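Okay, so we've got a single protein chain in two different forms coming up as structure tokens, structure 1 first and structure 2 after it.
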Structure 1
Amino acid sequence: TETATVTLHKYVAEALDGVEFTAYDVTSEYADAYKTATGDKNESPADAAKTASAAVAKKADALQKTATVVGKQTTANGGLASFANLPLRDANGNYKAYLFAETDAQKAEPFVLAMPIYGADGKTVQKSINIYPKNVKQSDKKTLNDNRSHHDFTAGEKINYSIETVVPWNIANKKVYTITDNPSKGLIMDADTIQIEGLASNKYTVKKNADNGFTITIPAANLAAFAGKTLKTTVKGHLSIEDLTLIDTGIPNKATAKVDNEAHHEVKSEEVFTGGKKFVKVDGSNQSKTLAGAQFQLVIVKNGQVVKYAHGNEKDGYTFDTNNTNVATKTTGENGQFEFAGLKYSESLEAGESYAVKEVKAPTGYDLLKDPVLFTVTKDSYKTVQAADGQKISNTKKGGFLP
């Protein structure tokens, strides 16, 4: 019987009509949050109401899909959405908690109101409550589109990126809108792969820049239907390594949106990585002795058979196929050292596959290995290892003659 009226005010300062808010019942959810905050203490803290509000608000995504809806109101008459006659208590005398979220229309921050609300005097209960929900200012974003816990790629492999940039309300008053991609050393952006959501290719210009990034240039008038919106740009990139100290280091992509002269906050993607492996050719009977003249190919093995051969390198990128010719191959000097770098982690490989080096030329007077030597690439497996401490590979000395 005893109820309150709750009015939300929506701003952007200027009031906005036509924005929907939905009220969900979170009585039970708030109560449990409140208990957690009060713990084993003799008196629920002052902090507790605030703390439990926050916690329930942060579960808004989930709670909209499950919690009872008690009202829907669209803002009108200068951004007003009144939810009239909201119960202070349920039918068991417990106080109600209400989640308010913008569901249709700078989105309003969701927030929770737990009854009762007291006036500034501290003793009287409010029946007409007036809230001003602050708005989540959308800002720029760059995303790596890679549904995995590990962001590891072979050199040459395509990496999908998304760029979401804010387009102002007063876009039509402006001259030019600009999106500059600045990839960190090691990443090459493929400008010819650029697409933009809801915007014909004939409405913008793309320049390839000398840091392997690019600048998109859009005349402001072409972005009129995008006023107040996010502009989504998809683009591909790849890793190309000319400095080996980049192996096993995080390689972010970056981007800045610009309107006329005013830059947005630069944004950054998840880092990508590429790995490698170092090897040392030794005498099986005497492993301090390192051997020159050995040639190893990089291959993939499954079920003990060589299934594929690597082509190319860490700069130009690798491909793998069943062509036994023009294979990525290294030759050992007197220190016995070789390496293959710019490879994704062993876990990223197909089922049953493993990297391997297949010996195709033995050092003079040493037996040619008949099987490929398996190896394992992981995070840090290349750069945390001196050349001399590479994976030892043992060769058997050919013996002398006696009649």
Structure 2
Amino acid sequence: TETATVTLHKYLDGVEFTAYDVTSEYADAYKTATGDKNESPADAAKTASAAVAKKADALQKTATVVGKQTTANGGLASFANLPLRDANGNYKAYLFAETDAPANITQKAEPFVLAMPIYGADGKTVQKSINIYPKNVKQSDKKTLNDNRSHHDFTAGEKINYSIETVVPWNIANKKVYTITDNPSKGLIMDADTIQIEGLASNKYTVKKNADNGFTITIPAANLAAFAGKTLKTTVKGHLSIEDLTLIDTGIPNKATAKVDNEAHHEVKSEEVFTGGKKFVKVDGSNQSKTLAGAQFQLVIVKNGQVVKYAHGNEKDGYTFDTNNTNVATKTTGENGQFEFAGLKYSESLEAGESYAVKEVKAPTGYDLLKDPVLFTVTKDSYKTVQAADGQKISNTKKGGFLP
């Protein structure tokens, strides 16, 4: 019989709020918050109220609804006679969430948790009627690169992880179609096969690949009933494929646009990814102005001064690495001495103690075959700034003449 009234003030009539019962979840968050401590801390209420608030979306689907009220009379939604206690004298906690609004409303209230009891200004008298002022937040579309590094560099062929987040309006039911159009900048190929959408089975949308190597997701508006006024979470992979060498050491963002019927949302883009390279010149070690033709260099990995891996493929098709010493990515120098490997991730992103190197496997006529591989370093901007003639010199020792 001991109850409290709880009034939410939105700021705007016509906004629905739902009250859910999160007593056990609150309790568990609060037992966590306290631990083996002799008294619960003063701020354990706050800590547990936030921990449960984080799980609002999942709990909206599991937790028992206890009230539902729509704001009227100056933005007031009043939840009356909310019990302070359960049948066994444990104190109730309540999750409040905005669950419907007018179409035009751009700002949604944040879900917040209220555990009973609340005390007045004194800290001693139980409040029998509580007034809450929920904070609003602007939802917005976002595409994000998922890579927990300060440097966003990849070898060609390597998987890149992306997330796409796009808001579903409150009136999604009064709509025909919802489209997510992924447009990757030149160099990045999106892997439509890897698309997943959280809480939305594949039998509820379709996926076409488009000519820019991106894709378009088409979702009938009727299939997104449960996402009204929420954000859709789309994960998808991509990878680099370079058909144009001026893209080496440029930042390549992924991009996506959301559209409800005809009317598009703003475009949004991720952070930029890079691939790298190195340019070389084969020269007489005694006369470096002489470039040498007919050198064959294969791309390897070394650690502890020994060949651990060989490369396979190229900046378009992608590189694999492995202990197989056949069909190795190989280059041949012309008269100008020049060759290059590009589409490689930075040397700093290799595994501990590894380095790239070029092992010679055919020597220019009349020069010695290098006995050991030749280490090199890739970094941001190490391909693009270096003119081919200004490449990393590799020094060959001429074979001498004969005499008795």
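Between two forms, the rigid core is defined as the largest C-alpha subset superposing within 1.5 Å. Residue numbering: sequential along structure 1, first residue numbered 1.
**OP:** May I ask which of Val136, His264, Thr364, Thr215 lies at the hinge separating the two rigid parts between structures 1 and 2?
**Re:** Selected hinge residue: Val136.
**OP:** Could you check how many degrees the smaller rigid part rotates against the larger between structures 1 and 2?
**Re:** Value for the rigid-body rotation reads 74 degrees.
**OP:** Once the rigid core is superposed, tell me how far the Cα of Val26 moves between structures 1 and 2, in Å to one decimal.
**Re:** With the rigid core fitted, the alpha carbon of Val26 is displaced 27.1 Å between structures 1 and 2.
Original post:
So, with the core fitted, how far does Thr249 move at its Cα between structures 1 and 2, in angstrom?
Top reply: Its C-alpha shift, to one decimal, is 0.2 Å.
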